[PDB]
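In the text below, chain A, chain B and the rest are named by the order of the sequence lines, each starting its count at 1. Whatever order the structure lists ligands and atoms in, that order sets their numbers, starting from 1.
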Amino acid sequence: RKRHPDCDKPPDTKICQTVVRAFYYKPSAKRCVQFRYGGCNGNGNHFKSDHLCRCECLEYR
Amino acid sequence: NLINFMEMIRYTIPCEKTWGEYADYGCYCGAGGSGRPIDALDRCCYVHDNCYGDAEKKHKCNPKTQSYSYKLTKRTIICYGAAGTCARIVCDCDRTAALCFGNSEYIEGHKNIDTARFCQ
Ligand code: NA
Ligand code: NA
């Protein structure tokens with residue numbers, strides 16, 4: 001598998017639906033953090049969970 | 001060794017997928033096989049069964065149990081076995097299969113396929 005190409009873009013918080021809790025990767029913290037995702041999908045840095053997010057974005061050194 | 005293979009697969013297939021989706025796919029993914037591999041991913045499994053077959057005969061090892069050294073890092077896999085031993089031969093069968101699995105298109109339509117129809 002490859003690293004998600006959007007892991008370092010800012011999370012898309014715009015509103016296009018009722019808000020849901022998702023995680024995005026924060027490069028300046030080498031962690032996935034929870035945020036209010038609005039469903040606009042301006043980029044794919046938004047995952048149903050922490051595990052999925054680490055999986056897709058954690059930098060292997 | 002089954003347990004290592006799974007560890008290896010779990011690490012290369014896309015994140016959203018799971019081992020079960022690879023357990024019964026195409027004509028060869030999973031236990032046994034027949035016919036020709038239907039697509040690219042099936043080809044990975046076909047070449048894996050081949051590899052296990054050449055190791056059991058040509059080199060007298062028990063593939064599904066063989067113990068070995070393998071390292072998972074940087075989204076890749078590395079076999080440390082002595083270039084020639086059975087644990088090394090076998091590790092290479094699994095490594096290239098795992099790497100093949102991650103780089104292959106997973107066709108939803110080919111999972112759990114009808115064997116009597118598509119594998120003759
Ligand atoms: Na098989
Ligand atoms: Na395929």
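With hydrogens and angles ignored, the 3.5 Å screen pairs a side-chain donor or acceptor of B:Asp42 with a backbone N or O of B:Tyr28. A donor-acceptor distance shorter than 3.5 angstrom exists from the side chain of B:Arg36 to the backbone of B:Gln120, with no hydrogens or angles considered. B:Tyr11 places a side-chain N or O within donor-acceptor distance of the main-chain N or O of B:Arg75, the cut-off being under 3.5 Å.
Residue B:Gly33 does not count as close to the Na ion (ligand 1), with no N, O or S atom under 3.0 Å.
The minimum distance between the Na ion (ligand 2) and any N, O or S atom of B:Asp39 involves atom OD2. Distances from the Na ion (ligand 1) to the N/O/S atoms of B:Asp49 are shortest for OD2. For B:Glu105, the N, O or S atom closest to the Na ion (ligand 2) goes by the atom name O.
Between A:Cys32 and A:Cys57, the sulfur-to-sulfur (SG-SG) separation does not fall under 2.5 Å.
Relative to the ring axis of B:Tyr68, B:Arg95 does not place its NZ or CZ within 45° and under 6.0 Å from the centre.
The angle B:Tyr28:O - the Na ion (ligand 1) - B:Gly30:O amounts to 90°, with values rounded to 10 degrees.
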